[PDB]
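*Asks:* Please read through the structure below; I'll follow up with questions.
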Amino acid sequence: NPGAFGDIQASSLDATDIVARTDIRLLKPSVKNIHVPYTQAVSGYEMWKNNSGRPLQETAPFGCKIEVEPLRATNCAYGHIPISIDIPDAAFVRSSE
Amino acid sequence: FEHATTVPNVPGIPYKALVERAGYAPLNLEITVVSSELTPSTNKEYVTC
Amino acid sequence: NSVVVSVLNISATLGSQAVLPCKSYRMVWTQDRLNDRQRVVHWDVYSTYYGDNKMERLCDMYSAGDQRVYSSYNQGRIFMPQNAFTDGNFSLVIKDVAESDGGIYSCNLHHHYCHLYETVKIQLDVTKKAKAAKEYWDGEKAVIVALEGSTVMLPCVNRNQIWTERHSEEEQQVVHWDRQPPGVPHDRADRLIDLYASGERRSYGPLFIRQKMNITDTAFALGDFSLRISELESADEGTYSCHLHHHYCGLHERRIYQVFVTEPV
Amino acid sequence: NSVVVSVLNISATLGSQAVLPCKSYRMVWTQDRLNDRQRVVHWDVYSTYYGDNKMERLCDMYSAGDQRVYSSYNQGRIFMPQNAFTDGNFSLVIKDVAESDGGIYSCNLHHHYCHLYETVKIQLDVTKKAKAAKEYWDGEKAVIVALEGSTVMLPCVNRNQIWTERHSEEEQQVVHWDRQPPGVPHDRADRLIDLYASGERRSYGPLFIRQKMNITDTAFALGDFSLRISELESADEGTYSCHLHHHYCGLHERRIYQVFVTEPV
Amino acid sequence: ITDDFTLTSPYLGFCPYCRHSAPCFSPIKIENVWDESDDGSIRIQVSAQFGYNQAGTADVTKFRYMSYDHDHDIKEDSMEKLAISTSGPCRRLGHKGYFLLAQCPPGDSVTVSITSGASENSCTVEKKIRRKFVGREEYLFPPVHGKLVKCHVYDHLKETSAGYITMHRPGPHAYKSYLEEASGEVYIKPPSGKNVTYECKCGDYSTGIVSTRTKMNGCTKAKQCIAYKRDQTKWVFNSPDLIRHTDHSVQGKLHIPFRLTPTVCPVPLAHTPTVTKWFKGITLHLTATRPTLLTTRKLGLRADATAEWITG
Amino acid sequence: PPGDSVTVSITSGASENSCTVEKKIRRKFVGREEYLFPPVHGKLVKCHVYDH
Amino acid sequence: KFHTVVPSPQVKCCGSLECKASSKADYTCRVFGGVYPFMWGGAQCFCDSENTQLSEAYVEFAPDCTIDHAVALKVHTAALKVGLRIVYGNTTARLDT
Ligand SMILES: *[C@@H]1O[C@H](CO)[C@@H](O)[C@H](O)[C@H]1NC(C)=O
């Protein structure tokens, strides 16, 4: 979709095979010299960059601390947790002592 | 021109339709679902042997 | 029985060093512990009807593998009999042929281990009237004409022993450097050295001559079986023969060099 | 100013070939187009308290990188001041210390491009009574004793110019092979050849001597700057010097060889 | 693939700008520019070649040389006579092959000029260049003290490990001086000591080759013949001003110099605010000298995301 | 390019004399779009200019 | 962010030619007759306006993209990992589950 996020798409960064459509129209030669006038819509990447909105870091409820390399949250607090703890008998001490 | 139609999910079942436009002869349209390809998203958990 | 690749007269000079270049990078032996044991065939169409006018691979068969279609449509349209892999009839079948389907077909064979590949070219055409639908043979290619949507067949059979299944135990590719003694006719040489694909080398005769008969330690790998004879002596005078045989690939070749010791001038 | 790595007397024989082995695999230049521009430091504890008695890496700082904790607990417990990366004070802080935490600590520095690494060893102990909680220095290591759960600090500072940030432009590692003319004292040589890290070589004097002054074409890469002089002549008589300097790593060394032409005997 | 540069020669281009403020041809044609570096380093691509010796010269590498082409021939020149300006003088960061890196304040267009001692040639291209900085405050210049963060910048080292640019042989070329038509009958006068081809279509597509020769053709009109100084020796880049050859086959590649790389960068530490007292609330006396980004959010179920820009 | 004043100066080898006058100078273009610089391709229209 | 491809146009002098597509992503092609070819060297070829030219273009990711890449991710089945420290009998043990 021209003029939108993700206008250019690829399976991998260095993929030879690509698919894209951004409404390129050729213009007829119109001057003395050899020239190829091309008309195209503005790139969508910079478009989404200009008005991408605020990042999730300023919107996550409970102040989740988000890290990218696992794409995971940490140090975020909400909810209850039931747990069962097993303790060795030897750790216990008789009331006699 | 754009035409809308519903087709069963099945291979080797051609479906025939027509498009009505004033002053244009109705155009035969044959649609065939050659095959299906259901591809899900999966993640590798671990291996055993 | 090997075939004489070429016969060359070597004017080896006494005392100097002579080189017999018997070698072939085709004969190169795979270095990795897993020598390739598989071969591939495929079909590819180059239809100029496409504005992109590229070559697209319809399908490919892998030895001991599973049939896999590159696209989602050729399944059903393309039929590659699995049993034919043993027969070698790597033919192709089209159920229905469209005006955009006609073009140029090519059946290709590739083998990494033997490093041998082949290609055969065919032409396909489609017409609305069956009157002109008739095959013909152009010597360098074959032209097929058939009605649109009619089932058509394209033959690709090589009838070769290498390309048909043979689970023969991988005999080491024998290499023999054998020198005819002085004043002796060809085919009467005694093996100077023997080389195996495993890398083991069997030396014959004196050890000093073998050391001076320099051969690259990676000859079995690189295939550089060229013989470098140093400090030439009158004893070394005589014809040399470099024999190579590969049982798995079935190759058999021999190179003969008329090595005569000539005094410095 | 370079430092004389070693001085060796070379009894070069006239007509024969002499070899000056000036070289260092440490000086090897990275082959890939992306020469490493990053350095790493890390902390690792070897606590024999563990039955597994292995060494486990607490954390590691990457140059121009982000602090990353190997485990899920050392965060908060382990504090590595980011600004300290410029200061070089690669110290470690523990908030609370347990009986299972005491052991052997090691602060390690690694740099791929310069191929220079260092390690410093420390000892940590924990006691229930603060009376015995006192550090001491053993010369080869330092022992820390502190109360359980008390905040403790382990210092690791090298105070080295290489390990502190310096975004200096990567000057080509200069290599100079300069020969003192016959009957000339050292430090008065004229550059016979110059070698750059980029691979370009500047030749001086006759071209034939440079060709016979065989140097491996990959010397700038492999670092094998050893000079092989062939067909020795009386003109070649004189001391040789092999100077190397690496601005980025800051290395500066020189090798002097007393090369005197000796007639065959 | 390779990285050699002596195998190609500079080519002409058509700059929309010239010293006369009108579009015209020049060897300083520029087509592409990049400004993604955090520091603001600018990559400029030009048709001509510098940072190496003139194409086809005995030596290949010479920083001071400035290769360009005109009057049907290529030649060297001094690079020191080259200047760049967007809103004023610009400093040179480096040059390599077709490309260069510079750094200078923003503006609306980028111009590169060279003085030939007696004549000056300038070519420029419009481009939106605006100064930008990393962090939550858009300051004027990086400070002496502050936090250290990651950033991306184009290295000032010739060695590069990014990009890939095609390289192929050139197409045909045209001239008039090869053909003279003072008289009714045709006349062709190719430059001395140079093989030349010529073509004419009257009657048939008849062509002739002259090795320092003047070969006549039957048809008379001046328009009716063209000549080629075909050399097909030095490769050229795919540019709109150039003309594709019939082969249209790729022949090699080259690296774009001064690749992007991550690196540490400094950022300011703003004057920390003063926390005040307010029942069930907080009043902050925020103090700043330059635009800064403030934000906050409730830690409960409701995000209550709030963001704002503060100038003073 | 435009500005707010126009200055003309001459250097006498050893001394410099400069004189300027304020004036509202703003870049303007013809057509329905106020662009930055005339393009290579586009329509052709009438305009008025001082001959050189 | 992408970059448009502006390859050298094809010129057929005083004759004919036809457009051909290309596998390159977002490709465009178009012919034009009655061309007016000129260059510093002059009229590239000669015929009384009979000549024609084919032009085409496509797009490719710029080198900067190598580090300016933005990846679109589809996520599901959030999983939570908790680190617990347990003290019993003045003995501290740990787990992460
Ligand atoms: C032109 O090229 C031909 C073909 O090799 C050659 O024989 C002839 O000498 C050349 N003439 C020149 C370069 O003037």
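Values quoted throughout were computed directly from the atomic coordinates according to the rules given, and no laboratory measurement underlies them. Note that each Cβ is placed from the backbone with ideal geometry, even for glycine, and that neighbours are counted across all protein chains shown.
*Asks:* Among the numbered conditions (1) away from every other protein chain (no Cβ under 14 Å); (2) more than 25 Å from residue E:234 (Cβ to Cβ), tell me where residue E:49 comes up short.
*Replies:* (2)
*Asks:* Identify all residues within the stretch E:160-176 that are buried (at least 17 other Cβ atoms within 10 Å of the Cβ) and farther than 25 Å from residue G:38 by Cα; write none if there are none.
*Replies:* E:160, E:162, E:163
*Asks:* Is it fair to say residue F:8 is surrounded by 10 or more Cβ atoms within 10 Å (Cβ to Cβ) and either of a type outside the set (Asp, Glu) or more than 23 Å from residue E:18 (Cα to Cα) (or both)?
*Replies:* No; evaluated as a whole, the condition is false for this residue.
Yes or no, residue by residue, for (1) surrounded by 20 or more Cβ atoms within 10 Å (Cβ to Cβ); (2) among the polar types (S, T, N, Q); (3) assigned to a helix (DSSP H, G or I):
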position	(1), (2), (3)
D:211	no, yes, yes
D:216	no, yes, no
D:221	no, no, yes
D:228	no, no, no
D:231	no, no, no
D:235	no, no, yes
D:242	yes, no, no
D:248	no, no, no
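*Asks:* Is there a residue being surrounded by 13 or more Cβ atoms within 10 Å (Cβ to Cβ) and over 21 Å from the mean Cα position of the chain (by Cα) anywhere in the stretch C:156-176?
*Replies:* Scanning the stretch C:156-176, I find no residue that is surrounded by 13 or more Cβ atoms within 10 Å (Cβ to Cβ) and over 21 Å from the mean Cα position of the chain (by Cα), so the answer is no.
*Asks:* Which of the residues spanning the stretch D:158-196 are touching a helix residue (DSSP H, G or I) at 6+ places or on another chain (Cβ under 6 Å) and either within 14 Å of another protein chain (Cβ to nearest Cβ) or among the hydroxyl-bearing types (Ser, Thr, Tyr) (or both)?
*Replies:* Scanning the stretch D:158-196 gives a single hit, D:165.
*Asks:* Something else about it: Select, from A:30, A:52, A:12, the only residue that is more than 34 Å from the chain's Cα centre (by Cα), in a loop (DSSP other than H, G, I, E, B) and of a type outside the set (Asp, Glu).
*Replies:* After ruling out the rest, the residue left standing is A:30.
*Asks:* While we're here: In the stretch E:233-268, which residues are exposed (fewer than 12 other Cβ atoms within 10 Å of the Cβ) and in contact with a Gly (Cβ under 7 Å, 6 or more places away or on another chain)?
*Replies:* Result: no residue meets the conditions.
*Asks:* Could I ask something else about it? Residue D:126 - would you say it is on the phi < 0 side of the Ramachandran plot, surrounded by 16 or more Cβ atoms within 10 Å (Cβ to Cβ), part of a strand (DSSP E or B) and not polar (S, T, N, Q)?
*Replies:* Yes; evaluated as a whole, the condition is true for this residue.
*Asks:* Still on this structure: Going residue by residue through the stretch D:20-28, is there one that turns out to be within 19 Å of the chain's Cα centre (by Cα), surrounded by 15 or more Cβ atoms within 10 Å (Cβ to Cβ) and among the basic types (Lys, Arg)?
*Replies:* Within the stretch D:20-28, one or more residues are within 19 Å of the chain's Cα centre (by Cα), surrounded by 15 or more Cβ atoms within 10 Å (Cβ to Cβ) and among the basic types (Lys, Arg).
*Asks:* What is the residue count in the stretch A:15-42 for residues that are touching a strand residue (DSSP E or B) at 6+ places or on another chain (Cβ under 9 Å), of a type in the set (D, E, K, R) and more than 7 Å from every other protein chain (Cβ to nearest Cβ)?
*Replies:* Selection size over the stretch A:15-42: 2.
*Asks:* Same structure, new question: Looking at the stretch E:147-160, I want the residues that are facing chain D (nearest Cβ under 9 Å) and have a partner that is hydroxyl-bearing (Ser, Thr, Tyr) with Cβ atoms under 6 Å, at least 6 apart or on another chain. Which pairs are those?
*Replies:* If the second residue must be hydroxyl-bearing (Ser, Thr, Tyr), the pairs left are E:155/E:261.
*Asks:* Same structure again: Which members of the stretch A:19-55 meet the condition of being free of Cβ contacts under 8 Å to residues at least 40 places away in the same chain and among the hydrophobic types (A, V, I, L, M, F, W, C)?
*Replies:* A:19, A:20, A:24, A:26, A:27, A:31, A:34, A:36, A:41, A:42
*Asks:* For the stretch E:170-217, give me each residue that is within 16 Å of the ligand (Cβ to nearest atom), among the polar types (S, T, N, Q) and within 14 Å of chain G (Cβ to nearest Cβ).
*Replies:* E:197, E:207, listed by residue number.
*Asks:* Find all pairs meeting these conditions: Cβ atoms under 8 angstrom apart; at least six residues apart or on different chains; first residue within the stretch E:191-212 and charged (D, E, K, R); second residue in a strand (DSSP E or B) and more than 16 Å from the ligand (Cβ to nearest atom).
*Replies:* Close Cβ pairs (under 8 Å, with a partner that is in a strand (DSSP E or B) and more than 16 Å from the ligand (Cβ to nearest atom)) amount to E:199/E:206; E:199/E:225; E:199/E:226.
*Asks:* Are any of the residues in the stretch E:274-285 surrounded by 14 or more Cβ atoms within 10 Å (Cβ to Cβ) and away from the ligand (no atom under 16 Å from the Cβ)?
*Replies:* No - not one qualifying residue is present in the stretch E:274-285.
*Asks:* Then there is this: Could you list, in sequence order, all residues of the stretch E:226-239 that are within 12 Å of chain G (Cβ to nearest Cβ), more than 14 Å from the ligand (Cβ to nearest atom) and in a loop (DSSP other than H, G, I, E, B)?
*Replies:* E:237, E:238, E:239
*Asks:* Quick one: count up the residues across the stretch E:35-64 that are more than 25 Å from residue E:127 (Cβ to Cβ), touching an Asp or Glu at 6+ places or on another chain (Cβ under 8 Å) and surrounded by 20 or more Cβ atoms within 10 Å (Cβ to Cβ).
*Replies:* Of the residues in that region, 2 qualify.
One line per residue, one yes/no per condition, for (1) assigned to a strand (DSSP E or B); (2) of a type in the set (D, E, K, R); (3) surrounded by fewer than 14 Cβ atoms within 10 Å (Cβ to Cβ); (4) away from every other protein chain (no Cβ under 13 Å):
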site: D:52; (1), (2), (3), (4): no, yes, yes, yes
site: D:60; (1), (2), (3), (4): yes, yes, no, yes
site: D:65; (1), (2), (3), (4): no, no, no, no
site: D:71; (1), (2), (3), (4): no, no, no, no
site: D:76; (1), (2), (3), (4): no, no, yes, no
site: D:80; (1), (2), (3), (4): no, no, no, yes
site: D:86; (1), (2), (3), (4): no, no, yes, no
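*Asks:* For a quick check of your reading: which strands (runs of 3 or more DSSP E) sit entirely within chain G and have at least 2 residues that are of a type outside the set (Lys, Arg) and within 14 Å of chain C (Cβ to nearest Cβ)?
*Replies:* Once the strands (runs of 3 or more DSSP E) in chain G are filtered for at least 2 residues that are of a type outside the set (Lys, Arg) and within 14 Å of chain C (Cβ to nearest Cβ), what remains is G:28-33, G:52-61.
*Asks:* Take residue E:96 and decide whether it is farther than 20 Å from residue E:51 by Cβ, within 17 Å of the chain's Cα centre (by Cα) and of a type in the set (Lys, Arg).
*Replies:* Criteria not met by residue E:96.
*Asks:* Could you tell me which residue of the stretch E:155-169 is farthest from the ligand (Cβ to nearest atom), considering only residues that are over 23 Å from residue E:241 (Cβ atoms) and among the hydroxyl-bearing types (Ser, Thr, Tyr)?
*Replies:* Here the answer is E:161.
*Asks:* In a loop (DSSP other than H, G, I, E, B) and either away from the ligand (no atom under 16 Å from the Cβ) or of a type outside the set (A, V, I, L, M) (or both): does that describe residue E:223?
*Replies:* no
*Asks:* Going through the stretch F:11-34 one residue at a time, which ones are surrounded by fewer than 10 Cβ atoms within 10 Å (Cβ to Cβ) and either assigned to a strand (DSSP E or B) or among the polar types (S, T, N, Q) (or both)?
*Replies:* Residues satisfying the conditions are F:11, F:12, F:15, F:16, F:17, F:18, F:19, F:21, F:22, F:24.
*Asks:* Filter the stretch A:33-49 for residues that are in a loop (DSSP other than H, G, I, E, B) and hydrophobic (A, V, I, L, M, F, W, C); which is surrounded by the most Cβ atoms within 10 Å (Cβ to Cβ)?
*Replies:* By that ranking, first place goes to A:34.
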